[PDB]
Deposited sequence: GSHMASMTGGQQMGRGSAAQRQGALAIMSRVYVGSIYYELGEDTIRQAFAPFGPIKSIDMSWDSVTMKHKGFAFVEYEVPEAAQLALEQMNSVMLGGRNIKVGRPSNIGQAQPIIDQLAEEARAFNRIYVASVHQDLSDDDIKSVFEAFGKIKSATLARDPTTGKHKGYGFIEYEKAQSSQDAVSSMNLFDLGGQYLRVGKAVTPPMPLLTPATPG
């Protein structure tokens, strides 16, 4: 149902961050996870005595959490943090799996850490180098219209999309490294079909 696919997406957008050093606060966390997408919010455990060592970071989109998942299982001054999906995924797993399946019918990729000055056509040009693009569009603040550093690209061909992730992830663009990954949800996840 629309409401269910909505609650799965919500859960799909969260990552458990564990083993947070004791001096580290929401700001270091935020700073360390933002390259995968603008942080929507963060829930840090709280104790008497400072946080219980863990938190929950929520992105605006599932793709961000997936990239963060895959890329942050590492060090906040060699091995401290562990990253993972939230524990109450069970009941939502069916729809999530259902979503991952629908996503495969599209050759859609997610791009993050897009420098503020790059525009849509810039994105289109760099990326259209792996294949004919059906669409490439950066997300933006409705109020302002300024793009929020990430977006989605749709290729005509699966190989094109595959080549792009393989080639452009961690690609140095400005003093920033793009974070690229395959979409984990279909374009508009809940119409009527």
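When the deposited sequence is numbered from 1, the segments without any C-alpha atom are 1 to 16, 64, 67, 96, 213 to 216.
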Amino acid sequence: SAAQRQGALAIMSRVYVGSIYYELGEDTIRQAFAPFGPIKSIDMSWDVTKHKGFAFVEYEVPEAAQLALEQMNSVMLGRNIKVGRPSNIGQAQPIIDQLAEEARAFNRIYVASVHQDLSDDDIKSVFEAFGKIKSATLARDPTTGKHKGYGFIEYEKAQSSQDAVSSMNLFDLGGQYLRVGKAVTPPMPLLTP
From here on, numbers count along this sequence of modelled residues.
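Only the largest set of C-alpha atoms that superpose within 1.5 Å between the two forms is called the rigid core.
Rigid core superposition in 4 other deposited structures of this protein puts the Cα atoms of one stretch, out of 121 to 129 and 66 to 74, farther from the shown form on average, and that stretch is 66 to 74. Comparing the deposited coordinates for 80 to 88 and 99 to 107, the stretch with the larger average C-alpha B-factor is 80 to 88. In the PDB entry, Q176 places in the highest third of its chain by CA B-factor. Among the modelled residues of its chain, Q66 has a C-alpha B-factor that falls in the lowest third, as given in the PDB entry. Among the modelled residues of its chain, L24 has a C-alpha B-factor that falls in the highest third, as given in the PDB entry.
Placement of the Cα temperature factor of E60 within the chain: lowest third of the modelled residues, per the deposited record. For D163, the recorded CA temperature factor ranks within the lowest third of the chain's modelled residues.
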